[PDB]
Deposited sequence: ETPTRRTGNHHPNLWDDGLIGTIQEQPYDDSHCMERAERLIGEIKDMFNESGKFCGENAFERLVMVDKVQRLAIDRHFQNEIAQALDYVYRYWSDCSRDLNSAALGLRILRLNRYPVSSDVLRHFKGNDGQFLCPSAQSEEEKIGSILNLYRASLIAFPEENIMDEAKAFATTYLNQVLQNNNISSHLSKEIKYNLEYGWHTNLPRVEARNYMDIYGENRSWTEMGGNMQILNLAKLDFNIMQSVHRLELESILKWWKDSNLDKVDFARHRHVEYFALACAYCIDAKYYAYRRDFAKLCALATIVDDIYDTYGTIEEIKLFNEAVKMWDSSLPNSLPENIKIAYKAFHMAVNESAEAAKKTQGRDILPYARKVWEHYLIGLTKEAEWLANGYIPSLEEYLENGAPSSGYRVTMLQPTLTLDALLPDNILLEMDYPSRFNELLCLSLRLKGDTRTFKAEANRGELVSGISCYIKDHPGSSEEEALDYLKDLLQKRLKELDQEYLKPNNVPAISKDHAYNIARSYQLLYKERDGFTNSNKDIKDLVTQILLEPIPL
């Protein structure tokens, strides 16, 4: 070969083998070691190295599932198993937690447990409650109780430094405003600074593989970021007065869950298509008059390679970049998907523009829709779907058209994915431009439906509706069907990356963590 494997990577591949032997020495140990096999899954999953151990993990989780009563003996293993089995699509019930709710809605830990072990149990209780399905009250009560308990634990400063870093990370990021490698980065420090944890047999090999894998794959992403920066110069987008370097942020977002080197097209196309979606949303919402938005829709209906030369320089080259990007994305998708997907692709992009046009009509005509109408059109106008479809199609997973309908529009899955983007955006208290100063908005449509409602009552409703819709989204996402799980996982992690992105808008910190700063070894 012209390039031999780096020494970091050889070390990592060795550790992968030693850790597989750890799974298989766990499975070869007879007797219900169910909790010991679940704890190993936990470690490799929090550290976002689970892709190297998918067989070992499925075996261990099948064991954990088969002896699920033997493994819910106390609050901590009940919660730890509830979260991991549910996220890995096993059909477990949150009922197992009602067994630990006594009077006044406290949750009980084994009394033989030390104060750090009780916080361990309440931490897993907190983390389990975050993946709630609709109409599971115990999740709401578990979250309520564990938030209070963990906050009081911090207000007492009689806590080790690593346990405190774990409580604050878990309370700050939760689940929906979070991604796999963001958790991994935090747990590398949380585990690493725990002497008793790093001394347990095999734990230092897991932490070391985690650090090696973060760094090895970060240098691939960083090599790939160079093609994105080249495209931004070549596409001439760097001349568009109304486009930020958001393309690096989006690339970083994709890298925090789409990790493998083979998936370079997913990360690139997510970065490009999501940057161009923003630029389009700016052409339609602010710049561009009614005339030019019409010619844009026209060019996209016909799929012209360019615009009419008489149009502004800003928009004419925004269009050309868009046209080239959608084409190249569709091409890579043809490579894996085994079929021509540019027809399908283009129709997705028209539905996005249809949605953006409708909102500019509303603004043009002084029209204030109802919330039901606003959220119905606000799904395609959120832009969610155009940033997810084409990149997901470039993944090695085959999605025939009659499978794609279960994941894309018009499925309940895509609708809830779009709604999360839309509602999170419409509940933002700290967007610089502010939403109080726009005619059509989730806030002002709730107030047309409820005359006399303040902007406060409205915002509370939309925040709580976002919570209801995310529980439906989690249930839909984790519901068995014919879609390959890796496709659903990427679509779902696009939605989380927007929740995260809005939370951090500190966004320079995210890109640095994921892309530019390696973790000390």
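- Note: segments 1-25, 531-538 of the deposited sequence have no C-alpha coordinates in the structure.
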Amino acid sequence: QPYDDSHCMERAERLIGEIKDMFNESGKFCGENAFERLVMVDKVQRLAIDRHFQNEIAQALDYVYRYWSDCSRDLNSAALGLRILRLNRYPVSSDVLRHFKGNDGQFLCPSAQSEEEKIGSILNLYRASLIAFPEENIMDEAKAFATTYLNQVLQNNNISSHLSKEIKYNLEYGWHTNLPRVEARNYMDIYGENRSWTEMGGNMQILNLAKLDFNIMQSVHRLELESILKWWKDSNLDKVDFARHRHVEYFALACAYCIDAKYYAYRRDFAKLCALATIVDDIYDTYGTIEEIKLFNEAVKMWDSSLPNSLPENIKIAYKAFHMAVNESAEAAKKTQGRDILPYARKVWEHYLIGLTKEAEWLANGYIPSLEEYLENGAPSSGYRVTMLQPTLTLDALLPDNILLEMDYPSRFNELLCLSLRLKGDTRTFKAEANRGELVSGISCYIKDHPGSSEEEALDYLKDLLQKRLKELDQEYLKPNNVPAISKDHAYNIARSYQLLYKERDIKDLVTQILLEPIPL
From here on, numbers count along this sequence of modelled residues.
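- For the pair 101-109 and 142-150, the mean Cα B-factor is higher in 101-109.
- Averaged over their C-alpha atoms, the temperature factors of 421-429 and 172-180 are higher for 421-429.
- As recorded in the PDB entry, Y319 shows the highest C-alpha B-factor of the residues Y126, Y266, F413, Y319.
- The PDB entry gives the largest Cα B-factor of the residues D189, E292, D260, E166 to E292.
- In the deposited entry, the Cα temperature factor of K471 places it in the lowest third of its chain's modelled residues.
- Among the modelled residues of its chain, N493 has a C-alpha B-factor that falls in the lowest third according to the deposited record.
- In the PDB entry, a CA B factor belonging to the middle third of its chain's modelled residues is recorded for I16.
- Remark: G355 belongs to the middle third of its chain, ranked by C-alpha B-factor as recorded.
- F133 sits in the middle third of its chain by CA B factor, as recorded in the PDB entry.
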